[PDB]
Amino acid sequence: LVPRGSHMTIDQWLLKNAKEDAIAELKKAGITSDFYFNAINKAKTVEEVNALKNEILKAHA
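Quick note: the sequence shown, position 56, residue 48 per the entry's author numbering, numbers continuous.
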């Protein structure tokens, strides 16, 4: 888990953890694109992170 700073709501913390987990999954699949990682980092909901991640994996499969 990304640990949670005092600066950070639970909601923000869960979103940051989803982003990190998605990027880790992309890396496991051989994606090395910062452009794609940045898109995940700009996402505003966990579902957007999931959808970005899933589409990249599908495109790369």
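By construction, the Cβ of each residue, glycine as well, lies at the ideal position given by its N, Cα and C atoms.
Identify the continuous alpha helix (DSSP H) that holds residue i and give its terminal residues.
| i | result |
| --- | --- |
| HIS52 | 38 to 52 |
Where residue i and residue j are concerned, what is the direct C-alpha to C-alpha distance, given to the nearest angstrom?
| i | j | result |
| --- | --- | --- |
| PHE27 | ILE2 | 27 Å |
| residue 82 | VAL(-6) | Because residue 82 is not part of the residues shown, which for the chain are -7 to 53, the question remains open. |
| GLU17 | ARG(-4) | 21 Å |
| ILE48 | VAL38 | 16 Å |
| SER(-2) | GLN4 | 11 Å |
Count the other C-beta atoms from every protein chain shown that fall within 10 angstroms of the C-beta of residue i, then say buried if there are 16 or more, exposed otherwise.
| i | result |
| --- | --- |
| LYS36 | exposed |
| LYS11 | buried |
| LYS45 | buried |
| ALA14 | buried |
Can you check which of these residues, the options, is closest to residue i by C-alpha distance?
| i | options | result |
| --- | --- | --- |
| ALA51 | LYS8, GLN4, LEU(-7), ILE23 | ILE23 |
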